[PDB]
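K.L.:
Could you have a look at this structure, given as structure tokens, before my questions?
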Amino acid sequence: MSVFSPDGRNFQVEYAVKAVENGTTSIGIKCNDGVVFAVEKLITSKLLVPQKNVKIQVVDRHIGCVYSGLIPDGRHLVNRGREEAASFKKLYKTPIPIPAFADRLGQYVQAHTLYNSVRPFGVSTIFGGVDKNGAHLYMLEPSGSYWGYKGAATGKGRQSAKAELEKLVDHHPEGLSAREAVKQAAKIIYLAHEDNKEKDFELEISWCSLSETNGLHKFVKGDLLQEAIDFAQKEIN
Amino acid sequence: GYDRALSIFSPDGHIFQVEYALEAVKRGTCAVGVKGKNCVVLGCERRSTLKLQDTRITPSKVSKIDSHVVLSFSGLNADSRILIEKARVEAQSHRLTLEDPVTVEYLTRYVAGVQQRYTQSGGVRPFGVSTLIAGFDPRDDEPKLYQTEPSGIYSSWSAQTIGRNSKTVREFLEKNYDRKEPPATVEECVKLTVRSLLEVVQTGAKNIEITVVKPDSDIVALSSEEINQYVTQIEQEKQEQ
Amino acid sequence: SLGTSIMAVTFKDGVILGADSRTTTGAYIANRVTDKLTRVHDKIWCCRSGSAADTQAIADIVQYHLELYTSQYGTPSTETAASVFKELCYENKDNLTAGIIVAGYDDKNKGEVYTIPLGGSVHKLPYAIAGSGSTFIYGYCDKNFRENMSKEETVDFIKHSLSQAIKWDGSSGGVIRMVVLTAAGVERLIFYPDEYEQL
Amino acid sequence: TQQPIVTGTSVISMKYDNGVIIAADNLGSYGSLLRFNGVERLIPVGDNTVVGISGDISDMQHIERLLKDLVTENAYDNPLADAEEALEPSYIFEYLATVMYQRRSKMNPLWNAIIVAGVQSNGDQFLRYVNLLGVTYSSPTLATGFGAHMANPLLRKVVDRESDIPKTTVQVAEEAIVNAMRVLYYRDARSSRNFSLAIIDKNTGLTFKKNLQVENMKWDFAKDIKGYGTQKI
Amino acid sequence: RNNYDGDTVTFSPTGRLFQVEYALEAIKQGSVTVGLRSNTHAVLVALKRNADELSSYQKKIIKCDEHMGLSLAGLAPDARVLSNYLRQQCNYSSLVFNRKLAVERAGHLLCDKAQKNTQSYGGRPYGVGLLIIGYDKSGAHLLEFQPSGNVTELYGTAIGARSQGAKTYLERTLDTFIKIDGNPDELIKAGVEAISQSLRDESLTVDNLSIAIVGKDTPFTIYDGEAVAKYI
Amino acid sequence: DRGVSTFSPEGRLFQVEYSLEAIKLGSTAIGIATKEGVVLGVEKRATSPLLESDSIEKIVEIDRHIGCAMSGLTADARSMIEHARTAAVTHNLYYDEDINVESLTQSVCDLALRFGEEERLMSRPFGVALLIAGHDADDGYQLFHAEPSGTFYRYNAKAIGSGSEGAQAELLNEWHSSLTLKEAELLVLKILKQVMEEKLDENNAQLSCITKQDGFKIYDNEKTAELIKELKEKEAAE
Amino acid sequence: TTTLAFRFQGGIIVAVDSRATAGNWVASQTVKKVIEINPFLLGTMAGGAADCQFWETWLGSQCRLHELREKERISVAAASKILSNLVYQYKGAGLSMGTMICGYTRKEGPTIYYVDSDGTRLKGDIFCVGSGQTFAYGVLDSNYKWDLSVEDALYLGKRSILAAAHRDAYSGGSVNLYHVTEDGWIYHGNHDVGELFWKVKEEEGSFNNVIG
Amino acid sequence: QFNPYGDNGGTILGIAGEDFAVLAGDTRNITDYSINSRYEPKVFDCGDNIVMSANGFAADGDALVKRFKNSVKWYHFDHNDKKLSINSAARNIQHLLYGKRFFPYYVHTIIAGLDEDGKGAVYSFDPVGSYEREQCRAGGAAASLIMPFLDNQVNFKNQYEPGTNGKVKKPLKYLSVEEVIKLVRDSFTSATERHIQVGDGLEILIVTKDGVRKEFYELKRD
Amino acid sequence: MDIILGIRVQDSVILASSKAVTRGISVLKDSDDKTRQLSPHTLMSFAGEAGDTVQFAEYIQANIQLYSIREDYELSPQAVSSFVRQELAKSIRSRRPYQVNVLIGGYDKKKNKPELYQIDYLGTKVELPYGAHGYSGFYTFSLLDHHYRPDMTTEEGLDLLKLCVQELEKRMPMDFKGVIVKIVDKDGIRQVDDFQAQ
């Protein structure tokens with residue numbers, strides 16, 4: 001691991017990326033008072049209990065995270081995430097600001113690329129929420145690299161999605177209300193499913209919005225989840 | 001922090017480090033032990049002489065663990081020092097808690113115990129040492145001799161040898177030792193022992209040393225001349241034939 | 001130890017901290033010009049009472065925390081600062097004698113005041129009074145504190161409340177310091193005996 | 001190890017036909033100095049549990065922050081947080097009781113007297129006590145500090161036994177509490193006039209009342225009391 | 001593979017943890033076992049292997065708490081180490097919170113405990129697969145656990161050698177067994193048939209067969225021998 | 001080279017498999033269970049005549065109600081007995097009752113996979129197997145095979161070491177639901193006599209039992225000697 | 001509490017009382033103060049009830065392991081020392097015990113070691129320990145002969161506990177007797193003191209001043 | 001200084017019959033002159049036909065009961081669902097209690113049930129684990145007011161046949177479960193009158209081969 | 001304390017050591033030997049705190065015996081004391097200090113001289129002609145100072161002790177049940193078994 005190849009890159013990270021690419025797609029869309037998270041869950045068999053293998057995780061009360069790649073690594077990262085967000089709060093009182101949080105994961109992931117007796121993470125994590133001054137969407141590679149985002153996606157159908165995102169950014173520079181972003185994401189998960197359409201897939205969407213969820217992170221469920229699924233089914237067929 | 005597993009199995013089912021450790025014992029100067037009716041004797045080959053060395057102070061092959069038990073070894077000298085220290089301690093600790101010195105089988109077990117822990121612990125290699133441990137249990141007359149290997153395996157012996165050319169001298173003893181007629185005297189016993197070595201030594205009393213252990217902490221190391229009375233006698237006895 | 005006479009009052013434009021100047025060891029006044037106003041961050045200050053050794057060592061360690069925090073999360077709330085003080089005071093109740101008042105200015109919250117008594121507890125308040133000399137001005141302060149005061153009025157309120165504490169408390173004396181905290185920066189005031197006694 | 005510094009006083013409670021009621025004054029005393037009057041010692045966890053706390057406030061504040069984290073953490077990877085797998089009084093209590101005992105056991109107690117009042121998933125009234133030593137106990141009425149001595153005698157005359165619980169109504173029981181709070185204000189030097197009260201009901205759910213006062217007091221007889229024996233005027 | 005499969009802390013050029021995959025093989029060579037459930041019960045049916053006719057049949061089922069327990073296939077000692085870990089978590093949740101541990105949550109934990117062995121050096125990934133059943137505050141549950149760290153919730157499923165046959169039979173049976181609510185003995189037969197579909201060589205009998213069930217009013221219990229005769 | 005707790009592509013632990021290879025090379029050891037007791041017997045195999053043939057103990061007492069025989073790198077088994085003996089005496093102390101034989105075995109087996117780089121300080125697996133035989137009042141007389149793989153199995157009869165398949169096969173046939181103790185004693189002797197290179201006699205073989213009555217006893221060279229000549233005579237006639 | 005134990009040609013007699021008080025409150029008179037370490041070894045209980053019982057029961061577990069490892073009966077010399085040495089590890093921490101470690105080995109004959117919680121270990125012939133001890137030593141020192149018949153020795157032993165049970169407020173209940181032979185100990189039963197007293201005053205003529 | 005101990009009073013009683021055993025305790029928990037609960041159960045079924053109570057400092061008693069119950073649970077896991085013999089259980093407890101030898105569990109503890117020959121069995125312990133199988137044992141605040149009574153009406157101590165001169169003691173006959181229960185209630189109602197920490201209620205747990213059954217009797221509430 | 005006396009004559013070193021062991025109110029044993037043989041020509045008498053007393057002596061002996069065997073040699077009665085003092089020095093700032101007092105009586109075969117060393121529990125070593133521990137010196141030293149002669153025959157030594165023991169029996173309240181006497185010389189260590197009415 002912690003070994004530069006003669007080109008300056010770290011091959012073990014570069015391979016961990018391969019793992020991620022092998023992953024289901026997940027995305028994030030920033031809206032004008034929050035963020036929305038979405039992910040494709042492949043149906044391996046008709047034996048999976050629908051709606052019971054939740055992959056979107058919550059950090060503290062105001063942060064959501066989603067990942068593609070090695071699911072366990074992802075959790076292992078969100079576990080460190082929760083430990084870190086509690087620490088910060090305990091001492092500093094305020095619930096952890098998103099950018100501070102993004103670096104807390106960014107320092108820890110990167111830590112796992114420094115030693116050749118520890119393997120780096122096999123996930124690319126999309127996370128974000130609402131803090132003291134605005135909304136923030138972040139995406140974090142095995143490298144430890146991470147940036148703010150208007151939109152983000154990682155996994156198999158990562159471009160199919162990045163394309164649909166680049167359009168929303170262009171054809172909507174005013175903003176994009178949470179509710180719209182929820183449906184808009186649903187559509188992007190359906191379209192991205194085209195690459196990896198072998199199996200049938202279950203949709204999962206979470207959102208964190210100052211007006212719609214009061215700042216807290218919540219799981220788009222029932223009715224609002226049906227509109228989203230409807231909205232998407234219309235632009236496939 | 002260094003715990004790399006040095007002693008490990010190989011496809012055929014062997015732990016090559018334990019075996020290379022025996023290879024080191026086969027390199028060592030021969031060592032032998034035989035027990036009589038009422039005594040136990042230890043013999044040891046020693047390279048040449050040598051015309052420029054100092055014998056009084058330099059480590060002599062037989063070591064005392066306690067006043068009633070001794071230890072002899074083939075293989076790495078430096079290693080055997082470690083087993084002798086530990087053994088000498090367990091002896092005095094046994095006295096301190098059980099109020100009785102060690103039995104020869106108890107001490108023998110303790111040593112073999114160490115030898116084994118070094119075949120199963122990480123960051124360490126086995127001992128390049130195999131041993132003959134001999135003596136008399138306290139308030140007991142029946143003689144005892146035991147052998148331990150780098151494996152940690154031990155077992156008792158009426159007669160045994162180890163180290164270079166051990167094979168030759170075991171074959172010799174396998175013929176020259178009757179279980180029913182064990183050397184009734186010290187003399188009768190020390191004789192067989194000097195003779196067992198005289199296949200492998202290539203000279204008389206120069207290389208051979210003998211140590212005689214008799215009950216109740218009675219041990220004495222024969223000085224060259226007395227050994228040379230058995231050497232003088234053996235070359236003329238074989239002659240007549 | 002600072003024994004002390006200290007207070008922090010929130011007013012319309014922000015907040016003002018005030019303190020006497022005397023530190024005693026027994027009856028001897030070790031230092032009669034002590035600056036009991038301590039800065040943990042540009043516009044987040046504290047007033048100290050109880051063991052100097054302790055209150056200093058603490059103020060010092062909080063400052064350090066607020067400085068590192070500043071370096072990586074931008075500026076801290078008066079709340080975040082109070083929290084750090086308490087975490088230290090509470091997590092070490094057994095070895096500390098510190099009663100600290102924390103006062104600061106956010107542009108969003110304007111003036112804020114948090115008192116941290118012996119236990120290590122935290123209480124946010126409009127104003128707070130502490131130290132040896134505060135027992136004598138509970139009556140006066142409460143009767144005259146008024147919310148959203150003018151700066152001129154708040155300085156008078158402190159200057160009066162403290163003058164009284166100094167009068168009765170032997171453990172408190174000297175000059176009267178004050179620190180003003182507003183959007184307009186940080187102002188430092190001082191009133192000598194010849195002035196505050198005559199009230 | 002320690003000793004209390006800023007302290008909370010009587011916390012009283014009892015149970016009635018449908019739920020439980022708990023109340024505690026709003027004072028943070030500092031020895032005999034009545035230093036802090038805006039203190040809530042009722043800490044609601046969920047919509048189904050309320051934790052009344054007496055004793056060291058510095059410590060209480062810490063319990064309070066454990067309770068927020070318990071909620072936070074209960075939700076983690078829990079898609080039924082606000083449903084089947086919601087924090088239950090029995091759970092919240094067992095946890096605190098565990099922590100209190102561990103603390104006395106490290107000779108480092110949380111210097112409090114806690115009462116956990118609430119209603120369980122299946123309508124059952126829950127109400128149990130736990131303190132600095134880890135001693136836990138339960139009864140139709142529960143009080144701490146002076147409440148133990150003054151409030152209970154009164155509240156017990158309403159619910160003397162278990163059979164009495166179905167007969168006590170919310171208006172009968174709530175009046176009992178409001179009376180006891182008065183009686184404590186009369187006779188407890190470390191008491192406050194302002195208090196908070198809370199009701200956890202299986203039907204109405206949790207109702208939390210802040211800023212109450214003890215009203216309809218009797219001080220008129222005072223004007224006639226003169227001297228301490230033979231004095232006449 | 002030469003270099004990349006030497007240890008667990010190494011990703012192959014194609015993004016794969018070879019040791020992890022190799023430890024899944026021990027499962028695929030493990031004796032079959034099946035899980036399935038309704039709304040009132042959950043059942044574990046498990047075929048047991050033996051070394052000889054003079055040998056016993058090694059138990060593929062372990063209880064974890066009064067309301068939960070699992071089934072295995074792969075290395076027995078690793079099932080012991082993980083089922084012992086699981087026994088403590090259930091126990092910790094009881095002791096400290098007077099609360100029964102949620103089936104879902106046990107999955108999250110075994111997933112996290114397995115994942116650390118796939119990232120740390122010196123340690124091998126676990127070499128055992130597990131089926132877990134339990135009746136918690138939200139009903140009946142079945143999980144499929146994999147050494148990789150991948151736990152999944154289902155109505156039914158199977159692991160072990162030949163398990164593919166029983167798994168397909170469950171894909172079909174689905175709409176029937178989901179509804180064996182209120183019927184214990186019928187849910188067991190339904191699971192017991194599923195197991196036959198991946199049987200091949202031999203044929204289930206008293207010594208081979210092992211069964212477990214938990215449910216609404218049924219505490220988790222195991223049955224072996226004479227007690228399973230009623231279902232053959 | 002490549003790590004100790006490494007997996008093969010077939011999902012086996014190279015070391016545990018290479019361990020079993022060392023066991024195949026070990027002295028033979030057979031165990032037979034009955035309603036009257038359990039019998040264990042072993043091949044001493046003295047590498048030279050000179051070696052005092054009874055200092056060779058491959059059958060040891062674990063507690064009064066449990067014995068065990070070993071096969072392979074016997075040196076490794078010292079730790080295991082020590083632990084087993086402790087485990088059994090400890091249990092007696094905490095519960096004022098005997099440890100169940102399964103329990104005792106399961107404790108030994110845990111020890112077996114604790115190797116590598118809980119707090120597993122041990123560089124390699126044990127290179128020895130154990131037949132463990134005893135009697136508890138719950139599941140009467142019992143025999144267990146305890147590999148270095150951590151797994152164990154209960155056997156009505158079982159052999160380990162050099163002649164194990166030949167003897168296991170021979171055991172498959174000869175073992176019935178109702179053998180007496182003395183029948184079992186003989187089958188051990190017979191089956192040992194078949195697979196041992198040497199002519200079985202009282203100095204290169206040892207025999208032991210464990211009866212609920214008198215617990216675990218190792219038959220002295222005299223008593224076993226008579227059973228050998230009991231075979232030669234039982235065999236002679238047809 | 002009165003515990004005692006002596007050595008004679010017939011081995012060792014050991015005898016204790018049964019009473020346990022909590023100040024002036026007689027909590028029980030059914031207390032095993034002879035600890036059956038194992039079939040060949042015995043220990044008495046004085047000072048800490050749990051301390052003796054727990055640690056001597058442990059001694060039995062240490063003596064078992066010893067026999068397993070050395071295929072040989074543990075010496076009384078070495079079994080006493082195990083207990084003693086442990087106790088010494090805890091010195092200063094509050095352990096209370098004063099006990100005789102009794103046994104008869106082929107090798108060393110009938111041996112008795114005194115082991116207290118201060119670490120003291122002493123080999124002896126006659127030892128009495130407890131609140132009754134002063135009383136028991138009187139009777140004992142008067143009739144002690146190396147040649148007491150097993151049967152008298154048992155009585156001398158029992159009588160001594162009686163002598164103490166009578167005067168000592170803290171000693172009473174019953175007497176437990178034990179005879180230790182090279183082949184192990186033999187329980188010579190319990191004897192209600194109430195009843196014994198009367199019987200004895202009548203056979204012996206003693207306790208003259210006690211009306212009855 | 002912080003005192004880690006306290007006293008919640010209470011009285012508990014254990015009696016062993018021929019094929020049965022009882023473990024009764026009062027129901028009243030206290031602190032000094034205050035009552036904390038007129039109903040706080042002190043005697044517990046712990047599985048395997050074992051009942052127990054750890055009287056004294058109810059916090060340390062609760063701790064101890066929880067541990068033993070859990071010890072049972074692990075005995076089942078660790079030893080193939082074997083039933084825990086009453087003696088085996090008694091031994092376990094001694095180890096628990098002695099673990100905290102230098103910071104004791106501030107309780108006097110008692111268990112009841114049936115030995116392995118199905119005969120009524122009671123064990124009593126120290127705070128530090130000294131244990132003895134007992135026939136009849138009271139513990140707690142009123143233990144002093146109860147023991148002499150039982151010695152008298154259970155064990156017929158000091159009684160003799162009329163006209164026997166005082167030479168032939170009363171025959172030591174075996175009582176029923178219902179004559180034992182009379183003595184248990186008569187002991188608790190008597191104590192209730194003379195000890196301020198004994199009243200409210202009296203809950204009894206009875207263990208027979210058929211299982212663990214329970215009975216409860218009102219007790220004076222002053 | 002118990003009587004620990006020591007006297008270095010011309011050819012040897014005599015060590016007296018009381019035979020009484022008392023626990024509280026009863027004298028438990030009237031025949032104790034407060035001494036340990038550390039080495040053929042080195043004996044150590046000891047007195048002090050219960051338990052510590054023997055633990056220490058046996059512990060010292062063990063290390064000497066271990067040394068003796070490791071170098072197949074006998075340490076100098078001086079060396080042994082210097083080691084024994086070092087161990088008491090450690091014990092002093094220790095968690096729980098051994099409270100044991102000693103006398104080392106040895107015959108240095110190299111210098112062919114008898115040597116006596118007294119070392120208290122604090123590790124206070126001084127080498128003397130006659131030594132004593134505790135109150136023992138209070139009665140006896142007046143007598144030894146007067147009558148002691150560096151050229152005395154062993155029998156003169158034993159006579160001088162007899163006179164010391166008598167004074168201890170006359171003026172000292174504790175009844176120490178007589179003394180055990182031993183001689184350390186060039187031939188070894190032996191116990192004068194006839195010190196009763198000599």
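So you can find residues: chains in the structure tokens are A, B, ... in the order shown, residues in each start at 1, and ligands are numbered from 1 in order.
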Apply DSSP to the backbone of this structure and, from region 13-144 of chain F, keep only the residues in helix (DSSP H, G or I); write these as an MDAnalysis selection string.
P.N.:
chainID F and resid 14:24 74:95 101:113
K.L.:
Would you mind exporting the chosen residues as a compact mmCIF listing (two decimals), in the first residue's frame, restricted to N, CA and C atoms?
P.N.:
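As written to disk, selection-v6.txt reads:
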# COMPACT_ATOMS: atom_id res chain seq x y z
N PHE F 14 -3.71 -23.70 5.17
CA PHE F 14 -2.48 -24.42 4.84
C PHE F 14 -1.84 -25.11 6.03
N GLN F 15 -1.65 -24.35 7.11
CA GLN F 15 -1.05 -24.87 8.33
C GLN F 15 -1.87 -25.97 8.98
N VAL F 16 -3.18 -25.78 9.13
CA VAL F 16 -3.98 -26.84 9.74
C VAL F 16 -3.88 -28.12 8.92
N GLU F 17 -3.89 -28.00 7.59
CA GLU F 17 -3.74 -29.15 6.70
C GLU F 17 -2.33 -29.71 6.81
N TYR F 18 -1.32 -28.85 6.76
CA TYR F 18 0.05 -29.36 6.94
C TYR F 18 0.26 -29.96 8.34
N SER F 19 -0.60 -29.59 9.29
CA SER F 19 -0.54 -30.11 10.67
C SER F 19 -0.99 -31.54 10.68
N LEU F 20 -2.15 -31.76 10.06
CA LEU F 20 -2.73 -33.10 9.91
C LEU F 20 -1.75 -34.06 9.24
N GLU F 21 -0.92 -33.56 8.33
CA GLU F 21 0.10 -34.38 7.70
C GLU F 21 1.11 -34.91 8.73
N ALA F 22 1.49 -34.06 9.69
CA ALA F 22 2.39 -34.49 10.77
C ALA F 22 1.73 -35.56 11.67
N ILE F 23 0.41 -35.50 11.80
CA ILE F 23 -0.31 -36.47 12.61
C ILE F 23 -0.33 -37.84 11.96
N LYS F 24 -0.50 -37.91 10.64
CA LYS F 24 -0.49 -39.19 9.93
C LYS F 24 0.77 -39.98 10.25
N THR F 74 4.03 -35.32 19.90
CA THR F 74 3.53 -35.44 21.28
C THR F 74 4.00 -34.29 22.19
N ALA F 75 5.13 -33.70 21.83
CA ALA F 75 5.68 -32.60 22.59
C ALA F 75 4.66 -31.46 22.72
N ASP F 76 3.92 -31.22 21.62
CA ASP F 76 2.91 -30.16 21.54
C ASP F 76 1.73 -30.38 22.45
N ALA F 77 1.45 -31.65 22.72
CA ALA F 77 0.35 -32.05 23.58
C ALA F 77 0.53 -31.70 25.08
N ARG F 78 1.75 -31.37 25.54
CA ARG F 78 1.98 -31.02 26.97
C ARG F 78 1.11 -29.83 27.38
N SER F 79 1.13 -28.78 26.56
CA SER F 79 0.34 -27.56 26.79
C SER F 79 -1.14 -27.89 26.88
N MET F 80 -1.59 -28.75 25.98
CA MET F 80 -3.00 -29.11 25.88
C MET F 80 -3.48 -29.89 27.10
N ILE F 81 -2.65 -30.81 27.60
CA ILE F 81 -3.04 -31.58 28.78
C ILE F 81 -3.12 -30.59 29.94
N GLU F 82 -2.05 -29.82 30.12
CA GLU F 82 -1.97 -28.84 31.20
C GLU F 82 -3.22 -27.96 31.28
N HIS F 83 -3.68 -27.51 30.11
CA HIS F 83 -4.87 -26.68 30.01
C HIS F 83 -6.12 -27.49 30.33
N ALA F 84 -6.17 -28.71 29.80
CA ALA F 84 -7.31 -29.59 30.03
C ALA F 84 -7.43 -29.92 31.49
N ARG F 85 -6.30 -30.23 32.11
CA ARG F 85 -6.32 -30.55 33.53
C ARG F 85 -6.76 -29.34 34.38
N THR F 86 -6.25 -28.17 34.03
CA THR F 86 -6.62 -26.96 34.70
C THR F 86 -8.10 -26.74 34.51
N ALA F 87 -8.52 -26.68 33.25
CA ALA F 87 -9.94 -26.47 32.93
C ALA F 87 -10.88 -27.38 33.77
N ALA F 88 -10.55 -28.66 33.86
CA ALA F 88 -11.35 -29.63 34.62
C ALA F 88 -11.37 -29.39 36.13
N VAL F 89 -10.22 -29.00 36.70
CA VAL F 89 -10.12 -28.75 38.13
C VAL F 89 -10.72 -27.41 38.49
N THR F 90 -10.54 -26.46 37.58
CA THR F 90 -11.12 -25.15 37.77
C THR F 90 -12.63 -25.36 37.83
N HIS F 91 -13.17 -26.04 36.84
CA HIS F 91 -14.61 -26.21 36.82
C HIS F 91 -15.12 -26.86 38.09
N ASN F 92 -14.36 -27.82 38.59
CA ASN F 92 -14.80 -28.49 39.80
C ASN F 92 -14.93 -27.52 40.92
N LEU F 93 -13.93 -26.63 41.00
CA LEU F 93 -13.85 -25.57 42.01
C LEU F 93 -15.01 -24.55 41.91
N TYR F 94 -15.31 -24.05 40.70
CA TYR F 94 -16.44 -23.12 40.54
C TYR F 94 -17.82 -23.75 40.69
N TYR F 95 -17.96 -25.06 40.45
CA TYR F 95 -19.29 -25.67 40.54
C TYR F 95 -19.46 -26.92 41.42
N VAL F 101 -17.64 -34.11 29.77
CA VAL F 101 -16.59 -34.48 28.82
C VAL F 101 -16.62 -33.63 27.54
N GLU F 102 -17.82 -33.31 27.05
CA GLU F 102 -17.90 -32.50 25.84
C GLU F 102 -17.26 -31.17 26.15
N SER F 103 -17.79 -30.54 27.20
CA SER F 103 -17.33 -29.24 27.67
C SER F 103 -15.80 -29.23 27.72
N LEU F 104 -15.23 -30.22 28.43
CA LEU F 104 -13.76 -30.36 28.56
C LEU F 104 -13.07 -30.40 27.20
N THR F 105 -13.64 -31.18 26.27
CA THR F 105 -13.10 -31.26 24.94
C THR F 105 -13.22 -29.94 24.22
N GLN F 106 -14.41 -29.32 24.28
CA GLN F 106 -14.64 -28.03 23.59
C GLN F 106 -13.65 -26.97 24.07
N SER F 107 -13.28 -27.02 25.36
CA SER F 107 -12.25 -26.14 25.93
C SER F 107 -10.88 -26.43 25.31
N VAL F 108 -10.54 -27.70 25.14
CA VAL F 108 -9.25 -28.02 24.55
C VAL F 108 -9.20 -27.50 23.12
N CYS F 109 -10.26 -27.77 22.37
CA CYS F 109 -10.35 -27.36 20.98
C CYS F 109 -10.26 -25.87 20.73
N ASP F 110 -10.84 -25.07 21.61
CA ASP F 110 -10.71 -23.62 21.50
C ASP F 110 -9.22 -23.29 21.40
N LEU F 111 -8.48 -23.81 22.36
CA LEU F 111 -7.05 -23.60 22.45
C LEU F 111 -6.33 -23.81 21.09
N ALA F 112 -6.79 -24.82 20.35
CA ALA F 112 -6.18 -25.26 19.08
C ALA F 112 -6.09 -24.27 17.93
N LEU F 113 -7.10 -23.40 17.76
CA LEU F 113 -7.06 -22.42 16.66
C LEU F 113 -6.55 -21.06 17.10
K.L.:
Distance limit 8 Å, atoms considered: only C-alpha atoms. Which chain H residues sit that close to chain F? Return them as a list in words.
P.N.:
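The contacting residues on chain H are residues 78, 79, 80, 82, 87, 88, 89, 90, 91, 92 and 95 of chain H.
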K.L.:
Could those selected residues go to a file with N, CA and C atoms, as a JSON list (two decimals), in the first residue's frame?
P.N.:
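Contents of out-v9.json, freshly written:
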[["chain", "number", "residue", "atom", "x", "y", "z"],
["H", 78, "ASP", "N", -22.62, -22.67, 28.00],
["H", 78, "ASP", "CA", -21.29, -23.30, 28.11],
["H", 78, "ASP", "C", -21.25, -24.77, 28.45],
["H", 79, "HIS", "N", -22.33, -25.33, 28.99],
["H", 79, "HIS", "CA", -22.30, -26.75, 29.37],
["H", 79, "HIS", "C", -23.52, -27.57, 28.86],
["H", 80, "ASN", "N", -23.95, -27.30, 27.63],
["H", 80, "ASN", "CA", -24.98, -28.10, 26.97],
["H", 80, "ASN", "C", -26.32, -28.18, 27.71],
["H", 82, "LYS", "N", -27.20, -28.18, 30.67],
["H", 82, "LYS", "CA", -27.26, -28.91, 31.92],
["H", 82, "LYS", "C", -27.97, -28.08, 32.99],
["H", 87, "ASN", "N", -26.31, -27.29, 44.78],
["H", 87, "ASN", "CA", -24.96, -27.19, 45.34],
["H", 87, "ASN", "C", -24.03, -26.51, 44.37],
["H", 88, "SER", "N", -24.17, -26.83, 43.09],
["H", 88, "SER", "CA", -23.29, -26.26, 42.09],
["H", 88, "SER", "C", -23.57, -24.76, 42.05],
["H", 89, "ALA", "N", -24.85, -24.39, 42.16],
["H", 89, "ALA", "CA", -25.25, -22.98, 42.20],
["H", 89, "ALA", "C", -24.66, -22.28, 43.43],
["H", 90, "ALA", "N", -24.73, -22.94, 44.58],
["H", 90, "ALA", "CA", -24.17, -22.38, 45.82],
["H", 90, "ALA", "C", -22.70, -22.10, 45.66],
["H", 91, "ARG", "N", -21.99, -23.00, 45.00],
["H", 91, "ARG", "CA", -20.56, -22.81, 44.82],
["H", 91, "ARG", "C", -20.27, -21.61, 43.95],
["H", 92, "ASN", "N", -21.04, -21.50, 42.87],
["H", 92, "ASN", "CA", -20.86, -20.41, 41.91],
["H", 92, "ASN", "C", -20.94, -19.09, 42.64],
["H", 95, "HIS", "N", -18.05, -17.81, 44.57],
["H", 95, "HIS", "CA", -17.03, -17.21, 43.72],
["H", 95, "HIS", "C", -17.37, -15.80, 43.33]]
K.L.:
What gap, in Å, lies between CA of residue 22 (chain G) and CA of residue 198 (chain H)?
P.N.:
20.6 Å
